[PDB]
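# Structure, please.
(chains A, B, C, D and E)
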Amino acid sequence: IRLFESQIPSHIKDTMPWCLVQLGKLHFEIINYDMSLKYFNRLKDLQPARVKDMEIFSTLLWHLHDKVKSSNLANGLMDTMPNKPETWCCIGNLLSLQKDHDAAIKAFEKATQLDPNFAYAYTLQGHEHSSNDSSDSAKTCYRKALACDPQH
Amino acid sequence: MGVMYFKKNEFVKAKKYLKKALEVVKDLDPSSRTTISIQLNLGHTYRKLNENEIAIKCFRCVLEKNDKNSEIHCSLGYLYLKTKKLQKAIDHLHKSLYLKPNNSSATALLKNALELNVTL
Amino acid sequence: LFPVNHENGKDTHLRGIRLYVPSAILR
Amino acid sequence: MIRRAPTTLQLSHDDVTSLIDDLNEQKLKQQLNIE
Amino acid sequence: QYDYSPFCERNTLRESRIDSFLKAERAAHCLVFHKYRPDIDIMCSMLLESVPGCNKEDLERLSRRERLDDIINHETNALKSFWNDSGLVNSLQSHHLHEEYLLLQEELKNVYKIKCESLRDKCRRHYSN
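Numbering: from 1, shown residues only, chains lettered A, B, ... in the order given. Structure as follows:
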């Protein structure tokens, strides 16, 4: 973040979508929730129909309980690409945000079926399975999550 | 002959017959489920011979020729945990869990490896 | 046991039943 | 002719249990040494 | 002698098929050539010569980069384009043209509509398929 502040010009910083994504993910990692949202909104302003890595935003907006923006983003993402796994995991995150979670598990497993090498879908599945007061399924899901991404 | 000398708890001659088998088949036909058996059995003999480096090499080679193999990844976890290469051990063990979630020894192996890593 | 119901009923419902015994996050 | 599929050695449960046990006493060795 | 090698790579063809192909081939060519042997001969301002459904007038329009009798002219002209210069329309009775015309845009309109959702619900169609 200090390197952004010093070694990155402001005009490049507030214009590059990739720098915005990296900066938002970084501020997520420091658990700076307010900072990340007002730049991810700028990212959506730059291009609404971009998927890349929307898992971070889905995780953020689940915490902030913004049901309407999440609904809009999920609708737009599906209308753009149905086969990208991040879109399906965002939908499952919204569904878990609402209330029902069995269909969220099913959506997550389908998203993992679209691309077996997506570790964040596995780890989101495992984190969700804790809410199902079930541990063995959660434990197996966590193990298969860590299998996909060694450093997670 | 190598397999049966292995089963007879006489490993040294089993290795020489399996080494001869490997060298006969080395030049031709790396594929076709024959060299796979040769390297797997030879690596098993080394792991039972207590020499680990060439066993790891052979297991890595056969893993290159075949990735979907829970037993291979379990053996890699065994060999890596025998040495102090904990990260490779846990990585291959998690791979084995991914290939087959319900493995008996693998769960205890993961628990022991994680505990050793934390205490390290 | 529910041997009889009100106003000479036939069957019986059971709305609720419970048993009692003694003894922030990253997504 | 129908060549038989060659037999493949299997990683038994007993030897891996022996190794995991040995590792448990291995880690138990220096914990008292550290103390 | 009539050459039949390309019609079948087998070097010998039974005489029944030799006249069968020769009679059929000549008739097929005589249909296209006239609105004789095939081995003897096979031969015979905007660059664009023809587009299905395009009359000479449509082609001319392209170069520019664009009451009972009169409707009968529009009656025939509509079926000229759709049927790719079919000769049976001139033999058709005039009153039989009307019902075919009415069904034409009715089917054509149905194509127009064909040629022209909640988050939870729209996920099922991908999963179930």
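# and residue A:34, helix, strand or coil?
Three-state call for residue A:34 (DSSP: H, G, I helix; E, B strand; the rest coil): helix.
# okay, now it: neighbour count?
8 (other CB atoms under 10 Å in any protein chain shown). Every residue, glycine included, has its C-beta placed from N, CA and C.
# At the geometric centre of chain A, which residue do we find?
For chain A, residue A:55 is the residue whose C-alpha lies nearest the centre (CA atoms, centre = their mean; 1.4 Å).
# surely that residue meets residue A:119?
No - using CB atoms under 8 Å, residue A:55 is not in contact with residue A:119; the gap is 10.2 Å.
# any idea how far residue E:127 lies from chain A?
Counting by CB to the nearest CB, to the nearest Å, the gap from residue E:127 to chain A is 5 Å.
# what sits against the residue nearest to the centre of chain A?
Listed by CB atoms under 8 Å, 6 or more residues apart in numbering or on different chains, the contact set of residue A:55 reads A:86, A:89, A:90, A:120, A:121, A:124.
# what's the nearest residue to the closest residue to chain C within chain E if we skip its chain neighbours?
Nearest residue of chain E to chain C (CB to the nearest CB) works out as residue E:119 at 18.5 Å. Excluding its sequence neighbours, the residue lying closest to residue E:119 (CB to CB, 6 or more residues apart in numbering or on different chains) is residue A:74, at 4.8 Å.
# Next, count neighbours for that neighbour.
Counted with other CB under 10 Å, the neighbours of residue A:74 add up to 25.
# again with residue B:61
Going by other CB under 10 Å, the residues that sit close to residue B:61 add up to 15.
# Could you pull up the contacting residues of the residue nearest the centre of chain E?
Closest residue to the average C-alpha location of chain E: residue E:84 at 5.2 Å, with CA atoms, centre = their mean. Each residue near residue E:84 by CB under 8 Å, 6+ apart is listed here: E:52, E:53.
# where's it, which helix or strand?
Under the criterion DSSP states H and E, no helix or strand holds residue E:84.
# cool, residue A:79 as well?
helix A:67-80.
# mind listing what's buried in that helix?
Neighbour-count burial for helix A:67-80, counted by 16 or more other CB atoms under 10 Å in any protein chain shown, picks out A:70, A:71, A:73, A:74, A:77, A:78.
# Would you mind stating the distance between residue D:14 and residue D:22?
13 Å (CB to CB, to the nearest Å).
# Also residue E:44?
From residue E:44 to residue D:22 the distance is 93 Å (CB to CB).
# Repeat that for residue E:13.
As for residue E:13, its distance to residue D:22 is 83 Å (criterion: CB to CB).
# So for those two, which residue has more residues nearby?
Neighbours of residue E:13 and residue D:22, each counted by other CB under 10 Å, are more numerous for residue E:13; the result is 14 against 10.
# circling back: who's in contact with the helix holding residue A:79?
So helix A:67-80 is contacted by A:44, A:48-49, A:51, A:54, A:57-58, A:61-62, A:84, A:86-87, A:90-91, A:93-94, A:97-98, E:117, E:119, E:122-123 (CB under 8 Å, 6+ apart).
# Filter these down to just the buried residues.
Using 16+ other CB under 10 Å, the buried ones in these are A:44, A:54, A:57-58, A:61-62, A:84, A:86-87, A:90-91, A:93-94, A:97, E:119, E:123.
# Residue B:76: which of the residues you listed is nearest?
Nearest to residue B:76 among the buried ones among the contacts of helix A:67-80 is residue A:86, at 31.4 Å by CB to CB.
# Centre-most residue in chain B?
Closest-to-mean residue, chain B, CA atoms, centre = their mean: residue B:75 / 4.0 Å.
# Can you give me the distance of that residue to residue B:99?
13 Å.
# Then residue A:102?
26 Å.
# Please identify which of these two sits among more neighbours.
In this view residue A:102 and residue B:99 are compared by other CB under 10 Å, and residue B:99 has more residues nearby, 18 against 9.
# How about the closest residue to chain D within chain A, nearest residue that isn't a chain neighbour?
The nearest approach of chain A to chain D comes at residue A:143, 17.4 Å away (CB to the nearest CB). Excluding the flanking residues, the one nearest residue A:143 by CB to CB, 6+ apart is residue B:97, at 4.8 Å.
# got it, and residue A:87?
residue A:77 (4.2 Å).
# Please apply the same query to residue B:55.
Nearest non-adjacent residue to residue B:55 (CB to CB, 6+ apart): residue B:46, at 3.3 Å.
# Tell me if I'm right that that neighbour and residue B:40 touch.
No - at 11.0 Å, residue B:46 does not count as touching residue B:40 under the criterion of CB under 8 Å.
# quick revisit: please name the residues that touch the residue nearest to residue B:55.
So, once contact is read as CB under 8 Å, 6+ apart, residue B:46 ends up touching B:15, B:52, B:54, B:55, B:58.
# Quick one: distance of stretch E:1-20 to the chain centre.
Distance of stretch E:1-20 from its chain centroid, counting by CA atoms, centre = their mean, to the nearest Å, is 31 Å.
# same question but for stretch B:9-29, I mixed them up
With CA atoms, centre = their mean, you get 16 Å for stretch B:9-29.
# Buried residues, that stretch. List them.
B:11, B:14, B:15, B:17, B:18, B:21, B:22, B:25.
# do that stretch and chain D meet at all?
No - Stretch B:9-29 stays out of contact with chain D when judged by CB under 8 Å from any CB of the partner chain, the minimum separation being 10.2 Å.
# what's that stretch in contact with?
Contacts for stretch B:9-29 (CB under 8 Å, 6+ apart): B:1-6, B:34-35, B:38-39, B:41-42, B:45-46, B:48-49.
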